[PDB]
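As C-alpha cells, one chain now follows by itself in the form deposited in one PDB entry.
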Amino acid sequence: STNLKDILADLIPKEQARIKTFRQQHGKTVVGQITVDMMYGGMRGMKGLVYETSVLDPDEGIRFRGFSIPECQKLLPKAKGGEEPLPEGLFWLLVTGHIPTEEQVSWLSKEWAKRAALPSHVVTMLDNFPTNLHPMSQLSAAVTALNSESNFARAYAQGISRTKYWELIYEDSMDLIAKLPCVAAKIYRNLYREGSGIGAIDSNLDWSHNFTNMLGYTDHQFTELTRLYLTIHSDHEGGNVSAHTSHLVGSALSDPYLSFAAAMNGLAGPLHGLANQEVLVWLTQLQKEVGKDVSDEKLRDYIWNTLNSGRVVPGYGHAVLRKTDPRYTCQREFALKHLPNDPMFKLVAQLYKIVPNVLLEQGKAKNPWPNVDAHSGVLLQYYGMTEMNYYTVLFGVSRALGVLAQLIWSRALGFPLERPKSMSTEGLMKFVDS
C-alpha cells in the first residue's frame, strides 16, 4: 500500500531469484577484459560492480530505474502548488522501480518528518565546531557520530540473520535521510546565521520544504529549485566515487551512517564534488577579465585562452557521459522561466552557445557539452545561497537518496565484501612476463 517496507518485502525475493538464475546461467560469461591501463587508470571502462538504482547511457544521460529526467519531471509527484518533482518520489522510484502515487509520496514525507530528530551529542558537536572547519567535514563527522543511532550495528552484533539485514538497513537509511537536512541546516546556520536554531519540522511539509525552512529561506521558487536540485543530484550509477565508496564501505557491513559518511569524504574531493564551485569561480574570474556583458565573438576568444594556457573550461565534459547533461537542461529550463534576465545566467546561457562550438577543435575532450555542474551554481547564488563552500553539502543531502536506495538492495541481495585484487607495478610486470 503506502508502507514502502512492505512493498520492498514483496520485491526482494523476486529479484533474488532473477539474480540467482542469471548467475547460474551466465556467471562465467566474460563481460569485458582487464588491461594494464585499466589497473593504472583508476579502473576506467572496467565493468566492476552491480548497482541497480540508476544507469547512465553515455548517450542520453542518466536514467532512474528506466526513466529519464524529462519523464521524471512529468511522472513524479509534485508539491501541492509545485511544478518540480518531489525527491521523496524519486527515492520511491529508486527503491521500488515504480513511479509512486501522491499518497505514497505524502506517506514518505510524513515518515521522514517523524524521524528527523537529532541526538544531543550531534547538536553539541555541530554547535562546538569552529567556522573554519569545512561544511563537508562537519557533515561527514556528524553523520559518523550519528552511528550511535544505528539499528543495523546493534542488531548485527547480537547475531541477527542475514535475511533480516535489509530491514535494519532500510530503517537506518530512512532515519538518516530524515536527519540529513537537520544536520545540513544546523551546519548552514552555525556558519552563516550566527548559530541561530533550525526550528521545527513541519509534519505536513515535504522534505525539501522543511529543509529550506531550516536553512532560513522562505522564497517559493528556492524551495522549488531545491526540489529539482535534490531530485536530479540523487544518483549517477555506482561507479562515481561517492556511490562506490558507499557501496565498498557498506560491503563490509558498516551501517548506512558509516557508509554515507565515507561517501561524503569522497564527495568532498575536488575531482568529484567541487566542480559547482569551480564553475562559479571561473565565471566570476571571466567577468572580471573581459567584463560582465559581452558579445558572442569576444566571449569566443576568451575561451581559447583558457585552453591554450593549459586550463579546463569547467562544467563541460564528463568521465563517461557524451552529450548535454539532462541535469543541465533541467536547470536551464528552470532558468528560462524563473530568471531569464539574471546576468550570470545570461552568461551561462551564452557559453552554452560558444563553448561547444570550440572545445572539440581543441581535440582533447571526448565530451564537448555541459554537465550538471555548469548550471547549478548561478541558480543557488540567485536565491541568496552564495556560500560556495556549502554547495557540496546540498549535493550530499541529495546523493544520500540514490546510495541509500542502493545500499538497501545490496544488503537485500546479499552482495559480499568488495575485495578486488591488487598488484604492485613490479608484480604486475612479473605477471605479464609469464
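A residue's number is simply how far along the shown sequence it sits, counting from 1. Between two forms, the rigid core is the largest collection of C-alphas that superpose within 1.5 Å.
Where do the C-alpha atoms have the higher mean temperature factor in this entry, in 369-377 or in 398-406?
-> Looking at the recorded C-alpha B-factors, 369-377 comes out higher on average.
Per the entry, higher mean C-alpha B factor between 313-321 and 226-234 | Stretch with the greater average CA B-factor: 313-321.
Given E171, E149, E289, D127, the residue at which the Cα B factor reaches its maximum = Result of the comparison over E171, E149, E289, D127: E289.
Tell me, please, which of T96, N305, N276, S137 has the highest C-alpha B factor according to the deposited entry?
-> Result of the comparison over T96, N305, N276, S137: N305.
Taking the entry's C-alpha B-factors for this chain, is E194 in the lowest, middle or highest third?
-> Highest third - that is where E194 ends up once the chain's C-alpha B-factors are sorted.
Rank-wise, by C-alpha B-factor, drop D10 into the lowest, middle or highest third of its chain.
-> CA B-factor rank for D10: highest third.
Would the CA B-factor of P356 place it in the lowest, middle or highest third of its chain?
-> Tercile = highest for this residue's CA B-factor.
Using the B-factor values recorded in the entry, state whether the Cα atom of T29 falls in the lowest, middle or highest third among the modelled residues of its chain.
-> CA B-factor rank for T29: middle third.
How does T392 rank on Cα B-factor within its chain, lowest, middle or highest third?
-> For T392, whose C-alpha B-factor we compare with every modelled residue in the chain, the answer is the lowest third.
The following text describes the form deposited in another entry, which does not appear among the structures shown.
Any idea which of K292, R115, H121, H220 has its C-alpha shifted 2 Å or more between this form and the one not shown with the rigid core fixed?
-> The listed residue whose C-alpha shifts by at least 2 Å is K292.
Could you check whether the CA atom of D342 moves 2 Å or more between this form and the one not shown, using the rigid core for the fit?
-> Result for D342: no, shift under 2 Å.
Verify the C-alpha shift of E83 between this form and the one not shown: is it 2 Å or more after superposing the core?
-> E83 C-alpha, core-superposed: shift of less than 2 Å.
Threshold 2 Å Cα movement between this form and the one not shown for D301, core superposed | The answer is yes, as the C-alpha of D301 shifts between this form and the one not shown by 2 Å or more after core alignment.
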